[PDB]
Amino acid sequence: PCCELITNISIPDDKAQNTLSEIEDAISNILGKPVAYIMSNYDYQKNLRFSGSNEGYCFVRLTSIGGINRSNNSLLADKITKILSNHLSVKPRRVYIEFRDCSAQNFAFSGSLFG
Amino acid sequence: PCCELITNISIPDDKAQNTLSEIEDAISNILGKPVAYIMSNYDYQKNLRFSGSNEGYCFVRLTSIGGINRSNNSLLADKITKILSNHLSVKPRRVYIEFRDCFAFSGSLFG
Amino acid sequence: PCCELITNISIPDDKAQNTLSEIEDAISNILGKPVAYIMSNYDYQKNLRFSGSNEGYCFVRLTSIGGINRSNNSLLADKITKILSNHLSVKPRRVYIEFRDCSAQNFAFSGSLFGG
């Protein structure tokens, strides 16, 4: 399970860490789930373009996060848009939020299985 | 939709932008439609290897482009290959082009 | 086919090359087949978090590698965990290995078809 922010906007490490921490709090809160083993990341891609433009843009991708459905997906997308427009000064119209569920298509192993 | 160029070859930002612009143009021209919602990117990955070698290499992944069919995909791969060998001096054999098929919200709904 | 090490652990280029080559050897060894077409990468993502912590963490994602299956994927994940905890000193519990097979999903072309 991953929440990745892929963006051409540059922000310092402490603020990035705070931004992801806020998003993780939002997923937990809106979804009503503990997310004890979520991965997240701020992937700075300076050359990223959207619609032919290298202007500020944030793509957020949520993969295999259990518990997203009609009653909450938009609510989660709204809150992540707010956080980013707040912290990053990106236009909301240059935020795009995608949810995908790959849980059943992949095999996953923790290193803790092997000693 | 996404066209990502993942490569261990470094070029300046403005040349990367030009290069992605030309790839977007080729996608639009060869698929015969606008690329209004396309994301594209030049992801410099200095340690990228292919076939056991860290020599110059470009992997292009196109995800969820509409119109993708047996009759246009090869010309589009060809055109992308020419653009990269031109702009990056990558050997053709060290270019690999993948087409992949894949709930979304624009932040405009909320702002 | 791709094996990507996505990690907040910082290592020099030579050590990244050596580590990826060892992972390639493990895949080829376990599969009993050549890894000639494989891409591998060390993707330094300094802001990467796992379980609310930016502490040393490695996520290895293997995509569309033919011949990896239920009978050997645990064996390969065990070997990769050992290689990374050796080279990167990451805790095995902050190693996570994911296998996805998309091998029949999408079209692919070598640029050698068109130039060379």
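As recorded in the PDB header, X-ray crystallography is the method behind this entry, and the stated resolution is 1.78 Å.

Next up on the list: the pairing of strand β2 (residues 39–44) of chain A. The element β2 of chain A is extensively covered by neighbouring structure, given that five of its six residues are classed as buried. In this structure, strand β1 (residues 2–7) of chain A lies alongside β2 of chain A, joined through six bridges in parallel fashion. Bridging across to β2 of chain A, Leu5 of chain A finds its partner in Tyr42 of chain A. In this view, the connection linking β1 of chain A to its parallel neighbour β2 of chain A by way of helix α1 (residues 13–31) of chain A has right-handed handedness. In terms of strand pairing, β2 of chain A meets strand β3 (residues 49–50) of chain C through two bridges, oriented antiparallel. Paired with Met39 of chain A across the two strands is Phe50 of chain C, which belongs to β3 of chain C.

When two helices pack together, their arrangement is given by the angle between the helix axes and by the axis-to-axis distance. Residue and element names in this part refer to chain A. Following both chains from N to C, one finds α1 and helix α2 (residues 73–88) inclined at 160°, their axes separated by 10 Å at the closest point. Judged by the angle between their axes, α1 and α2 are roughly antiparallel. Of the two elements, α1 crosses α2, and the hand of that crossing is right-handed. Residues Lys15, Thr19, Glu22, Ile23, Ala26, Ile27, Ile30 and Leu31 of α1 lie in contact with α2, whose contacting residues are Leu75, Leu76, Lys79, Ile80, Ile83, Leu84, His87 and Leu88. Residues that form the contact of α1 with α2 fall into these classes: 11 nonpolar, two polar and three charged.

Across the contact, 25 residues belong to chain A and 28 residues belong to chain C. Buried surface at the junction of chain A and chain C, summed over both partners, amounts to about 2300 Å²; 48% is from carbon and sulfur atoms. Among the residues chain A hides against chain C, the three largest losses belong to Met39, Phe109 and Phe114 of chain A. Together they make up 28% of the total. At the junction of chain A with chain C, the criterion picks out two salt bridges. Taken together, the connections running from chain A to chain C amount to 14 residue pairs in polar contact. Of all the secondary-structure elements, those providing two or more residues to the side of chain A that touches chain C are α1, β2 and β6 (106–110) of chain A. With six residues, the single largest contributor to the side of chain A that touches chain C is α1 of chain A. Broken down by class, the residue content of the side of chain A that touches chain C amounts to 12 nonpolar, 10 polar and three charged. By the bridge criterion, five bridges tie β6 of chain A to strand β5 (residues 95–100) of chain C in an arrangement that is antiparallel. Residue pairing for β5 of chain C: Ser110 of chain A is matched across the bridge by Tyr96 of chain C.

Here we come to the interface of chain C and chain B. Tallying the contact residues gives 29 residues for chain C and 28 residues for chain B. Each partner contributes to the roughly 2500 Å² buried at the junction of chain C and chain B, and carbon and sulfur atoms together form 49% of this total. Its largest share of buried area at the contact with chain B, chain C owes to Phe107, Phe109 and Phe114 of chain C, together 27% of the area lost on that side. The tally of links between chain C and chain B comes to two salt bridges. Inspection of the chain C/chain B interface yields 15 residue pairs in polar contact. With six residues, the single largest contributor to the side of chain C that touches chain B is helix α1 (residues 13–31) of chain C.

Each value, and the rule that gives it
- Residues numbered from 1 in each chain as written, not as in the entry; some residues may be left out.
- Chains lettered and ligands numbered in written order.
- Heavy atoms only, no water.
- Buried < 20%, exposed > 50% of the residue type's maximum accessible area, 1.4 Å probe, protein only.
- Helix = DSSP H or I, 4+ residues; strand = E, 2+ residues; numbered from the N terminus.
- Pairing = 2+ DSSP bridges.
- Right-handed = clockwise from strand over helix to strand, strands pointing away.
- Axes fitted to C-alpha atoms, helices over the stretch in contact; angles between N-to-C directions.
- Parallel < 35°, antiparallel > 145°, perpendicular 65-115°, else oblique.
- Left-handed = near helix turned anticlockwise from the far one by under 90°.
- Contact = heavy atoms within 4.5 Å.
- Nonpolar A, V, L, I, M, F, W, Y, C, P; charged D, E, K, R; others polar.
- Buried area = accessible area lost by both parts, 1.4 Å probe.
- Salt bridge = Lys/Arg side-chain N within 4 Å of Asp/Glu carboxyl O.
- Polar contact = N/O pair within 3.5 Å; in protein donor to acceptor, adjacent residues only side chain to side chain.

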